[PDB]
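This report concerns only the one structure given below.
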Amino acid sequence: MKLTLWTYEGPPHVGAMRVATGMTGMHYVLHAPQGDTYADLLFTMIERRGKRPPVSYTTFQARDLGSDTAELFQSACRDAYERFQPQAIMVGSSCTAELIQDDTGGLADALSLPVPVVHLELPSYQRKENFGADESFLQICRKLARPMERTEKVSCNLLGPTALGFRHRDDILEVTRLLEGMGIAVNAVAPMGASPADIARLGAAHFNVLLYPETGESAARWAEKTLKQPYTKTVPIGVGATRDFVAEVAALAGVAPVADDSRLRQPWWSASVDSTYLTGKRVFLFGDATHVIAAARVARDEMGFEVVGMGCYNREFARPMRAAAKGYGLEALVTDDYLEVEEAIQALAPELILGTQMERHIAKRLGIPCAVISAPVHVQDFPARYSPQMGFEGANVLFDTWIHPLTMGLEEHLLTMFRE
Amino acid sequence: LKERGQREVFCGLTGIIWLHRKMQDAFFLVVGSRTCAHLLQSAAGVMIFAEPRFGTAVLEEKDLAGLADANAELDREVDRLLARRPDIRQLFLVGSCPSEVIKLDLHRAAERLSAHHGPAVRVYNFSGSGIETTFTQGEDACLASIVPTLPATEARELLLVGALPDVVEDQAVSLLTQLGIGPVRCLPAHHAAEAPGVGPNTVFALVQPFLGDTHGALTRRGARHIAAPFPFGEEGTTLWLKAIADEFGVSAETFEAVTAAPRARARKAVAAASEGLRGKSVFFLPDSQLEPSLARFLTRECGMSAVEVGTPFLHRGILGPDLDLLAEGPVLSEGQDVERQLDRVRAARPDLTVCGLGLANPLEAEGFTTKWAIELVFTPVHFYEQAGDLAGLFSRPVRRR
Amino acid sequence: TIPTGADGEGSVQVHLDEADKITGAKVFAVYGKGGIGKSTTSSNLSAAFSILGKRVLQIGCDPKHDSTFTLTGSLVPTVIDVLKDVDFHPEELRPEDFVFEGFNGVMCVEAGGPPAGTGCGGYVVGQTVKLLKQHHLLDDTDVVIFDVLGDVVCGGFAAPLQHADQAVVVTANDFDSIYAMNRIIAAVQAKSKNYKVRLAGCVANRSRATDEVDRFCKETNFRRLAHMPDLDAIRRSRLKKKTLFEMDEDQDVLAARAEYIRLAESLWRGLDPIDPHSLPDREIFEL
Amino acid sequence: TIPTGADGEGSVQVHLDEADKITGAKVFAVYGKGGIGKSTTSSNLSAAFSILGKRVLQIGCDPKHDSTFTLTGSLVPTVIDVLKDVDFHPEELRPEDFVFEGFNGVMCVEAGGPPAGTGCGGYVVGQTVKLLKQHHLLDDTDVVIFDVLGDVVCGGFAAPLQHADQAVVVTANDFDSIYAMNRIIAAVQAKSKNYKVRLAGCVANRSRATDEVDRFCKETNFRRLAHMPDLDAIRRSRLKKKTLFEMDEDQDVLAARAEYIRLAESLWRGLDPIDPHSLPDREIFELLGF
Ligand code: PMR
Ligand code: SF4
Ligand SMILES: [Cu+2]
Ligand SMILES: [Mg+2]
Ligand SMILES: [Mg+2]
């Protein structure tokens, strides 16, 4: 009932559609009203997808109520199977669907299609988009990921990377190249590059890698007991986090660390003499949980900045948020409202703030240098150039991405003082 | 072809995005879930960063379980937002899918809200949800909602109705004064600075084709529409102003001679881009009910060959002059399943495709050039000045491959 | 009009209790009055089921916060404690931050009693089960067991019956326990009226089996599941913070474990649940 | 009508009868542990006031027969104290015709065994409070007793403490006790806004030598009173037949009935409130704690 003008997330069916479009051979049926069909725009355009998202919508109207909704849903699923031919199918509901007495699971059972189906119960008014992605992930995992004999060579599974993710296409590549660095083979990358066969083979890994918590943590814990699959706890964003993750995976797989420091340049450039003025610069961080945790760690340790403001809209990870904030002796700001964080950056007045698009634009209003380090972004944040946020290369990317606003403002001020 | 197998359109809440641009004294409270908020936010894009007038209060479980709770929360929230924006006077309680399924009576709530707020601040509501309307129906629903509140006028005045960019409105006023006869009253008046009296006296003409409920709203007052081709392209605007002249008894010679230079500039501008789109095939998809006028303009002025024209709903009573100007070539269609029209698109091999943005990139990957109809509502394409730019919007001489 | 008042029978007849009947796994709610062993029986039942190989989670709806305490051996921070540590937003909790494991990997949850003088026990257990669904622990587990105070069986107190597929009861020879079991059968029938909860049967309280409870079961059309007296062999003080089925062995221990194993396998089968009745209070042979 | 809020607006579970702080008539509640926990204290104390000259509305609130049936001899002799009826009365709604006139004083009854089943304790005993009020029994009597048990701590269900002012305590000498008395103390200062229900002191029955639980009771800032009894109580069968005031005065260790009278000498309105406090599980630990 609170007025929101800009929200940091989407309805949980958006995250479920993220995981659905990430992996191939799936189709996603919405019990969505006509006009709620917009949700494929963002996928076709913000992420710049050449293919239609594997989704079909019933698009019911005022004339279609009661039984007509059920018949329309049945026809939608039947035609989706007939013309799209998905290896795996799942049934979902929208915000309006659950209010109507339409049983998605009952309709799916009545269809009795040969391809296995799963019923996604989405609390579209209790929860948000990342939860929906995670629930779809664990539900598909229990549907068609069964325990089976280990691989000949130690294998890992990357859990977490979904569509509409921050750089996810690049983090999968960087992590994969690193793991080939120790030579451990990635059996399946899900849900970014998954398939029904891939989910079936997901149990073949000797351990799991939690590349993104918000979208793979519950799947990893489900594999913990269902498949006896250990999952790594450390996120490799930043040099120190990269080394911690390398040690963790080397321990789990039993292979030697064999880390490659050749391409890394961030420590030398941060210790470089031109980078002295970065020391003692206040920074405010907001956005995705692990992203903010790693950003604060990287800033305080390797950047010389002083974290002056910490926050997270991922309420489900407020506990790590609070723990880290206490670790830096800060006060976690878990608001999902742009106005509270706006007031926070007004009161604190950090030299630089790194959040998401909201933080970028409020800093533009406040005349403060800003960079984006979180999920909610416009089209231009997602680049064609490969920009990993994690790993040794990701260290340099993070470094100069943070540098750019600072040097821009600094040279602008130097110009202004100089023509005066 | 009215198959309902699968539809890909926008809620009428997309009308709020540019509708508020016409009146900067209109605040919109959306009783919608997180999904409608996400739609408005995404589609607006850079707006949300400039503090729009779109208040999309999420229907949490708390106020959705009951009914009167949301009713009282509505009053509390509007009092709040009036406190935030003292400048704001006109309020709109736009309908949304959760409100429709829970059957929240927005009419009585808006009436009591206006009663308690007083004459200074006035709230009228409508429903722009996708359950009963779609895309452009939100705007004519809104204005038809504010039509009865407009007082009856006893003076015969030339009437313009339809949300329109301010420069286009100014140029239309200038042209109709260059005609000499016919006082212009802008129904979507800028921030309600001049409450436009509408009654039986004021016969009206239509500038925006999609305005369906508008005609009903003005027939309730007694105003009658005049058969006039919609002002798209130089000849469309010319025949439109000719119709206005005919209604107000303006001499044919006078209006022909008066508007000679503007239409000379317009034909120059349109011929600047006509050569790009000569001898090609086009396919139209149901996006904003703006497609038949576009097909007419392209076919007769730009030399376009229109294979198909897809419209969600045809108001033939007002689109009749458009159809008469339109050739028999393109097949008319009232609402086509997206997969069926996609199959016809694949069969037809359209050199240019007009559709929603969501379909656009898949067709581009399939190898068909796409022009998204979500754009043309924003950019000014509506008169002589923009007659050339209308064709330029469909030029797309990319040919990188 | 005084009885109906403004609400009166309102909250108890209309919207009496929210349904949310999503079980998935087999549910057996143990119901005893007190003194008669419900929590110890439930804990040993969970241990026997874990011995069998079925994943078991126990919900300690009792407000004394000791039902599942024995399996862990250490006092479990109850759900309401964490829900108050958080700002009553159920999403920052994660598994193993409110649930805890016991012997042989027995999951166990304690439902913290509602604050004194306000709230509802049914409210509390509803939040526990909702939080339980949110992190989907029921999905992996195969057996779900409820331990609730059967002394009071009002609407909120009857919420676990809504979930429970079978309703296990424990009883002693004391006449208070007799009236308690009678009330329990009546309330379980009432809860099986709306949706369904079946009656698995009653066990003794290790005082003396089949002394008069068997005849009462025959009269009420109930059944008397066998259980043996081990009052002194099983230390009243949870045997050094540690139940018998968990961290001990002895002839009496072995045979009691065997009895609980029979109870476990019978509940796992759990066919032909009896449909008993509540024999009139006057008809009750009394003293 | 109140559709939401009854189980909505945060699932509010008040009795939904506004404020129930008003005492019936100087209500003197008596806590217990469900029949076996000496619920006869309510009946015996009501008989004490009645012998003094103050009529008592001693409301036992015991589904089984231990609380007030001792005062009223045979259990529900007309089965109209059962209190559960569609017409809200199993007989004529006249206050005099309604139930029995106890056996001393003027009139007094308990709660029977209600098959009401479905419903929060906010109404199960919440309604059970006011049928005596419905026929103005709290007005027809001089003083009142509102017996409760160890299970009842929670509000709505703790409507007797909503209406109680000056109450004595009864409890055991085990872990269940040290849990129950302090939890009841918590309940009664939760009902302290409901006419400050008192905390006079506990009739604690040490089994053999459980002086450590009594020391804990002292640590709860809470008096001991009837320290002497060692699992020895008056004749149970005769107690079921009639309460001690009507039955042979068979004191077990000390002058039990004379101790009751010595208590009542100031307890006619209520024994001097020791004013105890609830205590956590860390300090109230009973070492192992069963
Ligand atoms: C719900 C659909 C949607 C989304 C996700 C966006 C964001 C977006 N708005 Mg297009 N905007 C949508 C529809 C609309 N936007 C609007 C504003 C707008 C304009 C003028 C433009 C634009 C564009 C975009 C873009 C760039 C990708 C795209 O083409 O959709 C996104 C993600 C951009 C474009 O179409 O490509 C050149 C462009 O010129 N947004 C308007 C007002 C007319 C509507 C109805
Ligand atoms: S279930 Fe009944 S007795 Fe228990 S707290 Fe709720 S209302 Fe009170
Ligand atoms: Cu820049
Ligand atoms: Mg217990
Ligand atoms: Mg007695």
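The header says electron microscopy, 3.8 Å.
Note that Cβ sites are derived from N, Cα and C of the backbone, with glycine treated the same way.
According to Swiss-Prot, the active site, proton donor annotation covers A:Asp274, on the basis of sequence analysis. Here A:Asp274 (active site, proton donor) comes close to no residue that lies at least six apart in sequence on the same chain with a C-beta under 8 angstroms from its C-beta.
As annotated by Swiss-Prot, [4Fe-4S] cluster binding site applies to A:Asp36. Counting every protein chain shown, 30 other Cβ atoms lie within 10 Å of the Cβ of A:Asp36 ([4Fe-4S] cluster binding site).
Annotated substrate binding site per Swiss-Prot: A:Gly409, A:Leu410, in sequence order. In the three-state DSSP classification, A:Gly409 (substrate binding site) falls within a helix. Under 8 Å, Cβ to Cβ, and six or more positions away along its own chain, A:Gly409 (substrate binding site) finds A:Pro369.
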**Item:** recorded positions in contact range of chain B, given that the Cβ distance is under 8 Å, out of A:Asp36, A:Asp274, A:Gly409, A:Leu410
**Value:** A:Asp36
**Request:** Would you count the other C-beta atoms found within 10 angstroms of the C-beta of A:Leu410 (substrate binding site) for me?
**Result:** 12
**Message:** Between A:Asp36 ([4Fe-4S] cluster binding site) and A:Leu410 (substrate binding site), how many Å separate their Cα atoms?
**Reply:** 45
